[PDB]
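A short write-up of the structure that comes next.
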Amino acid sequence: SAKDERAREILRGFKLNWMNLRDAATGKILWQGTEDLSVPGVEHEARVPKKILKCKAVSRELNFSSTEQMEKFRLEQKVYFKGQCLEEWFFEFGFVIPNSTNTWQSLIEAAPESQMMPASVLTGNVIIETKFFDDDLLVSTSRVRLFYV
Ligand SMILES: Cc1c(Cl)cccc1NC(=O)CCCn1nc(C)c2c(C)n(-c3ccccc3)nc2c1=O
């Protein structure tokens, strides 16, 4: 399949260089990471301060590079608590220039039901599954276990 291999080429040339999380209201940093969490197969770990749970919302910034051109680069994310899906998030970036590096800012809001759970119950039991697409085409699937510390 040309589709599978195209997806593979995109992945070989892609990485996430860093990300941030800010309080969306003040703009102050909460957490930042430098490991490439695009990487599938490994369960990644993220130890994020629990004050992030006391946020109406979070601003997130991803810096990534891609050798491959992408037509409509986007993300589907689902957040799981003990295998139960709490959130279902979508983000489009769009067209990506080949061999570019890009910063991308997204607003991240949780549902009330999510907000009704404490760090003590969430910590270690949350997994963000991140699906990276170009349009209709799955490039990579990574997962991150979160601790609220
Ligand atoms: C999740 C949540 C609950 Cl359950 C209740 C109340 C608020 C929240 N919101 C958060 O925890 C905000 C953190 C959002 N967040 N945290 C991390 C660690 C993220 C990572 C690693 N990613 C990410 C993963 C793979 C590739 C790109 C970004 N997105 C994240 C991401 O969107």
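Just so you know, all these numbers are worked out from the coordinates, no wet-lab data involved. Here the Cβ positions follow ideal geometry from the backbone for every residue, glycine too, while neighbour counts run over all protein chains shown.
Fewest-first ordering of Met19, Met70, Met117 by other beta carbons within 10 Å of each residue's beta carbon gives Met117, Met19, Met70. The charge dipole of segment 44-94, taken about its Cα centre with unit charges on the Cβ atoms of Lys, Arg (+1), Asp and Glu (-1) only, comes to about 520 debye. Helix 2-12 and the longest principal axis of the C-alpha atoms of the chain enclose an angle of approximately 60°. Each helix, a run of at least 4 DSSP H residues, gives -39500 (n - 2.57); summed and divided by the residues of the chain, these come to -3000 deg cm²/dmol at 222 nm.
Across the chain, the fraction of Cα-Cα pairs farther apart than 28 Å, rounded to a whole number, is 19%.
Rounded to the nearest 0.05, what FRET efficiency do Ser65 and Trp89 give with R0 = 35 Å and r taken as the Cβ-Cβ distance? Could you check? Don't skip to the answer; put the middle values down first.
Numbers: r = 23 Å, r/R0 = 0.65.
That gives a FRET efficiency of 0.95.
Close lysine pairs were tallied over segment 1-137: pairs 8 or more places apart or on different chains with Cα atoms under 23 Å apart number 20. If the chain linking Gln105 and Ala24 were pulled fully straight, counting 0.36 nm for each residue of separation and taking away their Cα-Cα distance, it would gain 28.1 nm.
To the nearest 0.05, what FRET efficiency results for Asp136 and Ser114 with a Förster distance of 30 Å applied to their C-beta separation? E between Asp136 and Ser114, to the nearest 0.05, is 0.55.
Taking the Cβ of each residue in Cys85, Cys55 as the centre, tally the other Cβ atoms inside 10 Å and list the residues starting with the fewest.
Details: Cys85 10, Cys55 19.
Result, fewest neighbours first: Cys85, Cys55.
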